[PDB]
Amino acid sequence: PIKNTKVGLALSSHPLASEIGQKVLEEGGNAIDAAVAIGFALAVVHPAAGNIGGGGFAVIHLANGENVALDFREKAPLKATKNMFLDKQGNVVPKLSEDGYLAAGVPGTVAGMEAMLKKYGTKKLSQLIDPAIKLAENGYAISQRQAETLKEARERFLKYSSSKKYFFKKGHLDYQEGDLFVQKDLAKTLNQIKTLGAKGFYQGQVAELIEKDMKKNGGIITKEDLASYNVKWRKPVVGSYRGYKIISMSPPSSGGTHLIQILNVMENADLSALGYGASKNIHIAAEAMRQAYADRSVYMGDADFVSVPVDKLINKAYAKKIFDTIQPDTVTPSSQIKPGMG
């Protein structure tokens, strides 16, 4: 593996972003400092996934023993409605939820980065964001993988004048491997955030740009949406597995809950006995997965709006019930699964 015995590690899917996070550690920043620098770096160098136009979660273990979760997940706009993606006849409008301006929730990433920095960081945002800004203004080399993913997204980009301007070379030509990709408008936006903090994204000129481009293009995100965007510091979901404490993301993610649920079921077997890749072990895990995902489809959503029985789903007694239905050499077909098992 990668190794460090002094300042720790900051690891991402892009070497430029990892290097930026690692430097923050080398220069005396803490884990939250490095994570903020990485979150902005990846918004520049990994635009397939890294972002300021999306959202996410952070699970944090603090030096003092505290465990916290940060929800900076996108919100449905104020104008969002239950059937907004359906037609007259109550049928799904193909790609309405996937391609273009109506598919977007109110972005949370910038608020999320500032929130964690203000509460737990030690370095100024102004400094942590400079490496991202430099990469946007000066550019970076399109990688082999990026050339592939950009190629695949071509016909999607082509639908929107704004994306054709940002993600193609002149004449709407694909960036190729090794090309220098410069993002001047993105640097303008990051520079607003550098100077003004998150209000640089959620208010003022960038908010105006967002609101007016939404309206032009059939989206519904307004200045009111942006000014009302709120992160939420939430309790993580916590479980145990064979003497280890599991700390993961609670609603509005289902991930941490079902992670703990599935492991709870698996805990009833001595998996170590047969070892990695044994069909008997794969069967126990897969059956646990099967029940968890059935459960997910009925019980899971934003707990601010619906009742989510997290405590019941992570209860070891529930997991033991699941485990006891598992047959040595046959499955419970998915059609026979009952969410919650009654």
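Residue positions are given as counts along the sequence shown, with the first one as 1. Between two forms, the rigid core is defined as the largest C-alpha subset superposing within 1.5 Å.
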**Request:** Return whichever of 114 to 122 or 168 to 176 has the larger RMS Cα deviation from the displayed form in 4 other deposited structures of this protein, where every structure is aligned on the rigid core.
**Result:** 168 to 176
**Message:** Per the record, averaged over C-alpha atoms, which has the higher B-factor: 259 to 267 or 80 to 88?
**Reply:** 80 to 88
**Asked** Where do the C-alpha atoms have the higher mean temperature factor in this entry, in 283 to 291 or in 64 to 72?
**Response** 64 to 72
**Message:** Ranking the modelled residues of this chain by C-alpha B-factor as given in the entry, is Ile210 in the lowest, middle or highest third?
**Reply:** lowest
**Asked** Sorting the chain's CA B-factors, does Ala319 end up in the lowest, middle or highest third?
**Response** lowest
**Message:** For the chain shown, is the CA B-factor of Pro333 in the lowest, middle or highest third of its modelled residues?
**Reply:** lowest
**Fill in**
Entry-reported C-alpha B-factor of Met249 relative to its chain, by third, is lowest
**Request:** Quick one: classify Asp185 as lowest, middle or highest third of the chain based on its Cα B-factor.
**Result:** lowest
